[PDB]
Amino acid sequence: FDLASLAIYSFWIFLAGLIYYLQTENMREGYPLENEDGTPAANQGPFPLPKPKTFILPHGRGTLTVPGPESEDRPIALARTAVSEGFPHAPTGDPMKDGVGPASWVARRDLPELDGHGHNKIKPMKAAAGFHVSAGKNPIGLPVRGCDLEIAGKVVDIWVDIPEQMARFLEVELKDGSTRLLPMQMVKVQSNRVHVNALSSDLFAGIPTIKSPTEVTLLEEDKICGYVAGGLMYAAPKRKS
Amino acid sequence: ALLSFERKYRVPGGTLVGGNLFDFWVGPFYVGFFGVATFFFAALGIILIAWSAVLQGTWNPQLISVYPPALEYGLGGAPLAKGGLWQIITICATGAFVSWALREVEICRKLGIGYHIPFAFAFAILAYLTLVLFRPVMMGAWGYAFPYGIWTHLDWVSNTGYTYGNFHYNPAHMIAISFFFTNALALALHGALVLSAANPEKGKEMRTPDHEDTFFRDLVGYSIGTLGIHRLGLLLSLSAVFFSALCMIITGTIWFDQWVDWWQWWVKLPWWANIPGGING
Amino acid sequence: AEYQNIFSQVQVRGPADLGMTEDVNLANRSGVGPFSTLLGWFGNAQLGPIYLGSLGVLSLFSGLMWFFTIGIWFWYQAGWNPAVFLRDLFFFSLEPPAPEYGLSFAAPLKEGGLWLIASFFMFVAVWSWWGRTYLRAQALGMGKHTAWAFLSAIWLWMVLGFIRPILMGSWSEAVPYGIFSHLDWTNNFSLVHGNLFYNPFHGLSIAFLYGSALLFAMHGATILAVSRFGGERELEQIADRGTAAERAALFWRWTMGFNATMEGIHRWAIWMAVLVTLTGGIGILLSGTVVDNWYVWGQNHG
Ligand code: BCL
Ligand code: BCL
Ligand code: BCL
Ligand SMILES: CC[C@H]1c2cc3[nH]c4c(c3C)C(=O)[C@H](C(=O)OC)c4c3nc(cc4[nH]c(cc(n2)[C@@H]1C)c(C(C)=O)c4C)[C@@H](C)[C@@H]3CCC(=O)OC/C=C(\C)CCC[C@H](C)CCC[C@H](C)CCCC(C)C
Ligand SMILES: CC[C@H]1c2cc3[nH]c4c(c3C)C(=O)[C@H](C(=O)OC)c4c3nc(cc4[nH]c(cc(n2)[C@@H]1C)c(C(C)=O)c4C)[C@@H](C)[C@@H]3CCC(=O)OC/C=C(\C)CCC[C@H](C)CCC[C@H](C)CCCC(C)C
Ligand SMILES: CCCCCCCCCCCC[N+](C)(C)[O-]
Ligand SMILES: CCCCCCCCCCCC[N+](C)(C)[O-]
Ligand SMILES: CCCCCCCCCCCC[N+](C)(C)[O-]
Ligand SMILES: CCCCCCCCCCCC[N+](C)(C)[O-]
Ligand SMILES: CCCCCCCCCCCC[N+](C)(C)[O-]
Ligand SMILES: [Fe+3]
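Conventions we followed
Residues numbered from 1 in each chain as written, not as in the entry; some residues may be left out. Chains lettered and ligands numbered in written order. Heavy atoms only, no water. Residues with missing side-chain atoms left out of burial classes, pairs and counts. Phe/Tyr/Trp six-rings, centres within 6.5 Å; stacked < 30°, edge-to-face > 60°. Helix = DSSP H or I, 4+ residues; strand = E, 2+ residues; numbered from the N terminus. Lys NZ or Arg CZ within 6 Å of the ring centre and 35° of its normal. Near = heavy atom within 4 Å. Polar contact = N/O pair within 3.5 Å; in protein donor to acceptor, adjacent residues only side chain to side chain. Areas by Shrake-Rupley, 256 points an atom, 1.4 Å probe, with all protein chains shown as cover. Nonpolar A, V, L, I, M, F, W, Y, C, P; charged D, E, K, R; others polar. Donors = N, O, S within 2.8 Å, 3.2 Å for Na, K, Ca; no water. Tetrahedral: all angles 85-135°; square planar, octahedral: opposite > 155°, others 65-115°. Buried < 20%, exposed > 50% of the residue type's maximum accessible area, 1.4 Å probe, protein only. Expected span 1.5 Å × (residues − 1). UniProt positions renumbered as here; feature names shortened; annotations may be inferred. Contact = heavy atoms within 4.5 Å. Pairing = 2+ DSSP bridges.

J.: Could you clarify how one ought to interpret the packing of aromatic side chains in this entry?
T.: The way to describe two aromatic rings as a pair is by their centre distance and the angle between their planes. The final tally for this structure, using the stated rule, is 53 aromatic pairs over all chains. Taking the centre distance of 5.4 Å and the plane angle of 70° together, the rings of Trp25 of chain B and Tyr30 of chain B count as edge-to-face. Relative to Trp171 of chain C, the ring of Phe105 of chain C lies with its centre 6.4 Å away and its plane at 20°, an arrangement referred to as stacked. Here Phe105 of chain C is found in the loop between α3 (82-87) and α4 (113-139), whereas its partner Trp171 of chain C is found in the loop between α5 (145-168) and α6 (179-192), with 66 residues between them in sequence. In this structure an aromatic cluster arises from ring pairing among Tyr169, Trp262, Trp263, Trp265, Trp266, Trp271 and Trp272 of chain B together with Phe90, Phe91 and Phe180 of chain C. In this structure, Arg132 of chain C is placed above the aromatic ring of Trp129 of chain C, and the distance from its NZ or CZ to the ring centre is 4.8 Å. The side chain of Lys144 of chain C reaches across the aromatic face of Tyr134 of chain C, ending 5.8 Å from its centre.

Structure representation (structure tokens):
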């Protein structure tokens, strides 16, 4: 009829095409859908998989094409608890060591994240020229306490993001002279101590170690962060008040 | 069916009520005790809206409207046909929203993540409760609440505003709008920035966060950084809703005259109140 | 309680970052500014450097001329008295020419002439700022997404101040420069066009403005919740999916039945926001050119 009705009807058609485009772009990871045993599910939904795109990664690190063949590339220590679809899967060993549930990690590349100039993004502050604590309480030297109110160690360095100028891990020394990394997002700095709610003192030695003392890889960060977040569920027995 | 990477996360535990009784999924959806509660409250709410429609005499969704009790009932119960249904549906709606938040908390526990999402959602719930519970109680009648209907609720917005003149002149409403407009600006910039680094000029390598900071310093002399922009969006969005609730809790209670007239406090300060000229002298 | 990651517990600082080079002309970057400890609790502490070439100088110069054009008019309405100036600040107004003059530039300074001068200066300030968002992206080899999204905001401003007045045949249909006066104009526009709640484009615009707040609350809260697995590092999570991105997707899949990717949530984001000013500009353009009364229109067209 009139030009305003032509406009509103055109707009609704545009919006339907836009939602279609947006949903298919959000299917570039994780699909096709699967059954509980890893085979392809029968009903994938009404939206098809998008045609593949390729990212060119910087610093000679190659390309990525998605969607592409999906696999976990690691063992999963879990078993069914019911004879039909839709129930939980129980750990078959120790879920902190096996890396399942809230303790899960992914098999990212075993190289460190690089910066704009091709140098390691995260370094210990001792090896990062001109870096220093500019505000707040400096943690280096403080004892570290677990959720059982017992001392697990002391802080010996901060690991910093150089490009973004941010504290990312604390490096902690244990009773036997070895060290581990703790994510800054899972600690609480106080006047006289660092406190860690997610872990009890006896679980600190099981934190995954890094293979070189002056860098961390993407695979290593995932294993470390997955393991400390997992203690919220699996350490709870020793947590207290 | 599951996403290719999902099975390792579907473990037992994290529930707040019921132990393992309701610890299961239907397709993609997690259930839990609070999944059962939201279904019960939602279904009962929908049935009562239907019953309201028979008594009105339409099934047209553009005309169905459920009205609160008229002012003469004050804060008591009303008959179903004349406001009682609105009172019961409001109880169901509140029960559904709170249940939906607590179900989100169980999901957080199973996945080992922070509680920031249900915390943010609780601000929306608050804004709803200000309009249908807190303001009406402080004013002395359920009748000051809004009706449930597609067009009739806009009518309420229009009549409520024009009761105090041009509502633009509410100062808390001015601040709330600034936050809404600023939040939409920031959301456009964040999405554009990340996409412009993941999708560079044809044939070039993906950019780095260093390119993202550089872009913004070249442009406005400052970059807030990748952690900072997510903190910022959370804050602008919640502040917008906080000042919206505040701008209505004061209207009809501490202030009930025309909002334009409030600004006379500024112009009547004795220093300049009598100097001639300008607009107000 | 758990740490929440809204403010940082410790700040760390190194040498000033001069930034990436790529094809940028370095002769046009300033020096670095000072560091702010205050800002550093919430984001980055470094101020500067800034780029400033021919197009930035132009934008700034005309931007200030627009400001001072408005400012001297306000002073003159205040009779040059600084007490009156602060007292009546929100009430002063620079108004467009009267209907009498139509689209001509022949009106006197005191009665529309200054409004035209101020609008000239605003027009060059904004369009040159737009050019600079395009060029700064190109010098670094990045996509043009920021310039395309800014264009959607420019559309609504262009319709309000230039395109709709041209099509109606007079400058008197445009918006005055004033704090309270531009609110009165907004209220009056709705009254005269039969209540803007019946404009379907106005309703859509509101859906996207509410939805932008919904979506940034969802997205911001989600990334803070997975920051304990390095979730804010969004670009590398695109290139090599980690447990941060998997847990973020499953929260939403388990809650509402579907989910995004780390790249894909940013496409939802840019579109939700851009559609606010896109639908809004259309709704205003049609008002008074094609439809005089939205109530009346709604009665005849479902
Ligand atoms: C003529 C009318 C007056 C006026 C009168 C009013 C009145 C009256 C009010 C506002 C309010 C607001 N106005 Mg005003 N306003 C006017 C002009 C404007 C203009 C403008 C450009 O001119 C703007 C930008 C605004 C902006 C705003 C916002 C600040 C605020 C609304 C957001 C809000 O509260 O969200 C809060 C969000 C919610 C309440 C949503 C809650 C969602 C709940 C929790 C869950 C829903 C679940 C749902 C049922 C799920 C279904 C699921 C499906 C099955 C899938 N007004 C004019 C001058 N304005 C309102 C306000 O501040 O309210 C507190 C208000 O009451
Ligand atoms: C916030 C201040 C005012 C108000 C002012 C306005 C104004 C002004 C406008 C709207 C508009 C809308 N309002 Mg209202 N609105 C209010 C309170 C609410 C509440 C509530 C329970 O608190 C609800 C559910 C709604 C719902 C709606 C939608 C019908 C419509 C688009 C909103 C949107 O996209 O948001 C953002 C959310 C999303 C994009 C997510 C999707 C949400 C979907 C679309 C909600 C559908 C609800 C469904 C129809 C009702 C439930 C049905 C069953 C019983 C479950 N409003 C308060 C009283 N609202 C616009 C309109 O077009 O009205 C006709 C409009 O112009
Ligand atoms: C009584 C008044 C009427 C009414 C009259 C109008 C009118 C008239 C309009 C709106 C418009 C809008 N209204 Mg309405 N509106 C009413 C009731 C409401 C209610 C409500 C709850 O009741 C709500 C939520 C809204 C919401 C909205 C928005 C969705 C929309 C504005 C989008 C935007 O981001 O603009 C803000 C963005 C811009 C203005 C773009 C700016 C771009 C430029 C380039 C920036 C230059 C910056 C400069 C150089 C720097 C200077 C610095 C400064 C000094 C700070 N209205 C009532 C019914 N509303 C607008 C619209 O789209 O309508 C369809 C519009 O024109
Ligand atoms: C605080 C900032 C903003 C915000 C945030 C926010 N909203 C959220 C969340 C967050 C963080 C969620 O996690 C949650 C979610 O799951 O999103 C997908 C949600 C959510 N925000 C929603 C909507 C919504 N949010 C809005 C606003 C906002 N949400 C703010 C602007 C608005 C409006 C009007 O602006 C709406 C419409 C839902 C999509 C979802 C919550 C879903 C939910 O509670 O489901 C349980 C209930 C039901 C399934 C149905 C109940 C049926 C009732 C019993 C009967 C209906 C009665 C109703 C009152 C009638 C209304 C009639 C109208 C015409 C007036
Ligand atoms: C998608 C729709 C939303 C949107 C998007 C959007 N806006 C944008 C962009 C985008 C994508 C940009 O890229 C662009 C930008 O650069 O953002 C950083 C912009 C922008 N949006 C802006 C504002 C803005 N956007 C708004 C709205 C919106 N923008 C929508 C909600 C609004 C309103 C009314 O709601 C406003 C007010 C600007 C910040 C910026 C565009 C800048 C511009 O055009 O500037 C012209 C230049 C001037 C006016 C120069 C004068 C300014 C100062 C007076 C200079 C100060 C220096 C002086 C020398 C002082 C010296 C002091 C010393 C002694 C210390
Ligand atoms: C306005 C946004 C709401 C519309 C979005 C619709 C998306 C439904 C997508 C179904 C997802 C497919 N699935 C579950 C099989 O993976
Ligand atoms: C939007 C925030 C505004 C920040 C503006 C800061 C600009 C910094 C300019 C660099 C300082 C130049 N200096 C002082 C070294 O000569
Ligand atoms: C022709 C209209 C163009 C849109 C301008 C809208 C008015 C801007 C309101 C701010 C007025 C200027 N000032 C000095 C108070 O900032
Ligand atoms: C990109 C996200 C899409 C979200 C879709 C939101 C739909 C809102 C429906 C509101 C109806 C508006 N109406 C009837 C006035 O035209
Ligand atoms: C207008 C808002 C309506 C939004 C409905 C979106 C819900 C999508 C859930 C679909 C996933 C469930 N299932 C069984 C198809 O997989
Ligand atoms: Fe993001």
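So, next bit.
J.: Got a minute to help me understand the site of ligand 4 in this structure?
T.: Neighbouring residues of ligand 4: 20 residues in total, closest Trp100, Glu104 and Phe121 of chain B together with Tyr210 and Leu214 of chain C. More than one chain approaches ligand 4, the contributing ones being chains B and C. For ligand 4, an oxygen atom lies 3.1 Å from a polar atom in the side chain of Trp100 of chain B. Within the side chain of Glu104 of chain B, an N or O atom sits 2.9 Å from an oxygen atom of ligand 4. When ligand 4 sits alone it has 1300 Å² of accessible area, and the protein chains cover 69% of it. Where the shell around ligand 4 is concerned, the elements lending two or more residues are α2 (84-111), α3 (116-139) and α7 (226-249) of chain B together with α7 (200-225) and α9 (243-256) of chain C. Grouping the constituent residues of the shell around ligand 4 by class yields 17 nonpolar, 2 polar and 1 charged.

J.: Help me understand the coordination of the iron ion (ligand 11), please; the structure alone is not making it clear to me.
T.: When a metal holds four donors in a tetrahedron, each ideal angle between them is 109.5 degrees; when it holds six in an octahedron, the ideal angles are 90 or 180 degrees. For the iron ion (ligand 11), the full set of protein donor atoms is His190 of chain B (NE2), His230 of chain B (NE2), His219 of chain C (NE2), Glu234 of chain C (OE), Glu234 of chain C (OE) and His266 of chain C (NE2), at a range of 2.2 to 2.5 Å. If you look at the iron ion (ligand 11), its 6 donor atoms make angles of 58 to 170° with each other, and the shape they trace is irregular. Of this pair, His190 of chain B sits in helix α5 (residues 171-198) while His266 of chain C sits in helix α10 (residues 264-285), which puts the two residues in different chains. Note on accessibility: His190 of chain B and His266 of chain C belong to one class, buried.

J.: Any chance you could explain α5 of chain B here in plain terms?
T.: Turn by turn, an α-helix covers 3.6 residues, leaving residues three or four places apart pointing in a common direction. Helix length check: α5 of chain B (28 residues) gives 42 Å between terminal C-alpha atoms against 40 Å at 1.5 Å per residue, within 8%. For α5 of chain B, the N-terminal cap is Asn170 of chain B; the gap from its side-chain oxygen to the backbone nitrogen of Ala172 of chain B is 3.1 Å.

J.: What exactly am I supposed to notice about the UniProt feature "binding site: a ubiquinone" in chain C here?
T.: Residues and elements named next belong to chain C. UniProt marks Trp252 with the feature "binding site: a ubiquinone", using the numbering shown here. Residue position: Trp252 is located in helix α9. Residue classification places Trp252 among the buried residues on the basis of a relative accessible area of 13%.

J.: Would you mind going over the interface of chain C and chain A with me for this structure?
T.: Counting residues at the interface gives 54 residues for chain C and 70 residues for chain A. Contributions of two or more residues to the side of chain C that touches chain A are made by β1 (11-13), α7, α8 (234-239), α9, α10 and α11 (294-300) of chain C. Tallying contributions element by element places α10 of chain C first for the side of chain C that touches chain A, with 7 residues. A breakdown of the residues in the side of chain C that touches chain A according to their chemical character gives 25 nonpolar, 15 polar and 14 charged. The pairing of strand β6 (residues 132-135) of chain A with β1 of chain C spans 3 bridges and is antiparallel. Residue pairing for β1 of chain C: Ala135 of chain A is matched across the bridge by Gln11 of chain C.

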